[PDB]
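Student: This is the structure I have questions about; it appears just below.
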Protein chains: 2
Amino acid sequence: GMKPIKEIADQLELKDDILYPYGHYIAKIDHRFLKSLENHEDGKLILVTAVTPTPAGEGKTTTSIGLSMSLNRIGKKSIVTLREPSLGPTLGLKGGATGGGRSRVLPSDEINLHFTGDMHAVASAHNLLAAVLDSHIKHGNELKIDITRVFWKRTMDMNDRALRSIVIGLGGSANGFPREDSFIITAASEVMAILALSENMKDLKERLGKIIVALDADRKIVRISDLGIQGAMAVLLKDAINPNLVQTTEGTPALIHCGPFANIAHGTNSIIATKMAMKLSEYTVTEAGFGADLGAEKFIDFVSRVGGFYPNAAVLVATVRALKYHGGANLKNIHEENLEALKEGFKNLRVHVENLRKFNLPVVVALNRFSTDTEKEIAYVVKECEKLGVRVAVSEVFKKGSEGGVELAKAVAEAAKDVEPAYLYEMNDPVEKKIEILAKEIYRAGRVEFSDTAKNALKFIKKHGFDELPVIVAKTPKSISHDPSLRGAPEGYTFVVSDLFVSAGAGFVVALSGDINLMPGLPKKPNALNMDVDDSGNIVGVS
Amino acid sequence: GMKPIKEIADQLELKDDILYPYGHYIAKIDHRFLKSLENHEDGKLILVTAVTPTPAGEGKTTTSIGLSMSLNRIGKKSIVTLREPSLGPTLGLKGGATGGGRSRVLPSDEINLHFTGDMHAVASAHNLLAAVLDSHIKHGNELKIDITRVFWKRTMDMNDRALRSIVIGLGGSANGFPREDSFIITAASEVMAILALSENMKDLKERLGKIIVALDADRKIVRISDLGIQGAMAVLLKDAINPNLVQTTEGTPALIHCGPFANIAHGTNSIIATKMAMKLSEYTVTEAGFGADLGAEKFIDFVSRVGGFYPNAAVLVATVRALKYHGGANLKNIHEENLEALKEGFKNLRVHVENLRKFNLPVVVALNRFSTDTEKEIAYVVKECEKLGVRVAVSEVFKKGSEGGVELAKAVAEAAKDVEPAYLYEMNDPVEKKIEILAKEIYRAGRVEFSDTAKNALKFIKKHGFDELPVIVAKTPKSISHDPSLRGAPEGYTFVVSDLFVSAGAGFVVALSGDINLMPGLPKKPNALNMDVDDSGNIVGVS
């Protein structure tokens, strides 16, 4: 029951001269159009985030889409902006990255799979560098690359654990020099973070060239620019920089563009998409990955300053189940009423509301209702929110579309304002200081400790002039802390930083706590088993 | 200075309902349209091939395009069908896969780069199988796959020698089991060959199911269908099965679809594209890879039988320089007149003409003129052709477009006829007899010798019931023989078969002579170094 993309484009007054179709239901918009609009006024920006994620699933993306649909429903022109999902995970398990129920972005199969080929473009560019690096070494290694100190990995958009740790370059002289390597899932690529952060092609190429590839035999930094390949990568990314226009279940507009990780990167869609939506609608609904401790913090302290914007409100997605989980309930019994676990778990919601207010944002709690939620449960969460002084609306967008999101849309429209920016750190505070602030203010730690490895990394960072970059914290999303086992609202603990690295092209330092999974595996019975093209030539099993 | 795809599509009277645009200048045509046209009349099919390829470059693709343009020009409705170029090679070296000069397919950057994503789709399907295979093993290996007897490789569309020989599955229990592996360039995938041979989605899926993945602990064949992923692979290929519509320099139609190798596979575009062109034009001009000993032979003995068609003429592309090279001339002096090397090299042309005649085809020689060519040279070639009893036209399409191709067009239109099919072998002659025939008739060997490895391979083939499959010979293209050293027209030599394998989904046995390079490397100074996006945001350095 879908609108041709030209219809959607018309709603937004987009002309064909800047529209590049992909079939009848998708188009790219020329990114250069954004600069054209530079004298046009920006609308409101609504940041969608969530309580600490649980295995019960909180449906944030579904809620984002539903909010936008509901804003349009109440007569306020709105665009939802989303990350493009990785293909890999879908071949493993059905996921929620294109929403659910009556609150989806469409056409779902295409979005979930090849879409407009942006993931393939990133992989190509990324892998080209790797190929060129090895070939440089093969042909005489003029740059004196130390093959034990290559930071740059290969990539594929596939959930393939077999490629986590490999040995390449075997078979003899004609094949070059043996070394150890790894594949990461393509979304985790610094190329993807860069694509999401670039305003234009010049910006993109400059960023690509800055990427740190390796150390040489004298421990000097080798950059992409030293290989001279940044131009070719840019060419491979020339269409990928243009955001993708699609639609919601209800025929309202959506922009889907880029998919950086929300741990080792900033975890939101491209600044190009967000900025363009802001010129084209009254309410831009944009989400950030993981809980408000990760996605939302990164959105304010980093993305917003790159992008030259600031949210007018934050929506905190919560569920009764998630709160019971955070209160100590078993996942296996989560569908059963438990008002004591609920009361205790509410502390997690409280920390996120408080943290959000540290950024001076008005907050609206979106309580995603499940079938099994009791009225006592819903009533309690609502009352507790009222006592916090936070707007709250119950959301039923999965079941009802915008008819399930009216109260939420009105709360958001009522809450949104122009706020005085309140960043946690100055763009150029020392890395250690930024970390201390984040750990204190957001993760609610009593202190930070750096491992010896991290200490050595900090020395490297200072030596090479990166001590003033913004910091992107890569920690577990399962806790406000660094410890994935700590449910609820841990406080006053010792936050441990295990390591750090520099993403010089993206323009940030990553502070790591524990091991980060950059290449997820396949389950024993993968979703691919369900996938097919039926007798009628329709795709089944994907979404 | 070129035409909106709608204008090309209108030329062929295609409706929007089976057209999927990719930007303003490309469209996919729904493949199911071909079945619609089944009661419609086939036009003529012109097979374009060439003399034994030399490093001097013969410009076969440019000529194929030129010929189609010239036919249109002389009032005969024509479509050119071409393979899609692999990205990988272009990042290493500018090539000729989109033609040259005033005889190209456009838009050429897009065609040479990501195009409509078909390469990516093939790679995804291919790699999915590899990921699932390793994960099956990790999770209990119920199929008892022998990890020393896995035939299936990984793939990327990149010239990466570092990936020719690798070790995967390292790092411990969580990552699964170590094993040896390889990457092959995507073009070389059996999935690519299958895509190019399939008539519809049921066919595709059946074919994929039959692919031999590995042997188990008991030396039993393990097939894709055993893993149950053929449906997911079909899903990933659902758009890739649809041919791509573009145009020539002169705004005439071109279909570009698939890109199998001409050594380990059949070396031409998809049967869907050739078949469709034949319903939509008077003259379908279709190219086959490498010299007439490989691409042309396979086109007649194999592709034609799968496609249910047969050419009406063969065009044999030749150059003065190639002939001199074959007569022993130095590449460095190739520009220098040398009627004696020319006389000697003509023998290569003679063999290909005689061989084409074996298939009962009328032949036209396309003498692709170079600037350095003396009149005395053009004249000698033309006389020698006349004596040989073969039509010959000098072609200047590169320089002059359509204009420079009119003589070739007229000659082709004059020569084309309905012929009695004359295949070299019967579809179910034993593999060894098929090879004997090819070696004798085409490669002009005096006998065939099978290595011990080949003999063992034959035992396998017969054991598992593949002994009556068609045979695709993977040998050097640089000689009519198996020996790349042997220029001109070697005869009476001993043709060596090194090994054999089974492409069960594609439906053929491959017979190998020597090592076949299925993962080319990058040169010391790759073409990537030239690639860029210029201040005006235009791509440079690709073509």
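All residue numbers here begin at 1 and follow the chain in the order shown.
This entry, so its header tells us, was determined using X-ray crystallography, 1.9 Å.
Placed from the backbone N, Cα and C atoms, the Cβ positions cover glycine too.
Dumping what Swiss-Prot says about this protein:
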BINDING   B:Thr54, B:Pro55, B:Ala56, B:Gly57, B:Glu58, B:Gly59, B:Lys60, B:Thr61  ATP binding site
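If you look at the structure here, what lies around each of the features I listed?
Tutor: In the three-state DSSP assignment, the secondary structure recorded for B:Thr54 (ATP binding site) is coil. Summarising the environment of B:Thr54 (ATP binding site), the number of other Cβ atoms within 10 Å of its Cβ, over all protein chains shown, is 23.
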Student: Count the other Cβ atoms sitting within 10 Å of the Cβ of B:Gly59 (ATP binding site), across every protein chain shown.
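Tutor: I count 25 other Cβ atoms within 10 Å of it.
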Student: Ten-angstrom check, please: count other Cβ atoms within 10 Å of the Cβ of B:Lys60 (ATP binding site), all chains counted.
Tutor: 28
Student: Only counting partners 6 or more residues apart, tell me which same-chain residues put their Cβ under 8 Å from the Cβ of B:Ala56 (ATP binding site).
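Tutor: Counting only residues 6 or more apart in sequence, the Cβ neighbours of B:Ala56 (ATP binding site) under 8 Å are B:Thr319, B:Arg321, B:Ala322, B:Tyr325, B:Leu331, B:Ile334.
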Student: CB neighbours of B:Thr61 (ATP binding site) within 10 A?
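Tutor: So the number of other Cβ atoms within 10 Å of B:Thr61 (ATP binding site) is 25.
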Student: Would you say which of the binding-site residues B:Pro55, B:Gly57, B:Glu58 has the most Cβ atoms within 10 Å of its own Cβ?
Tutor: B:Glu58
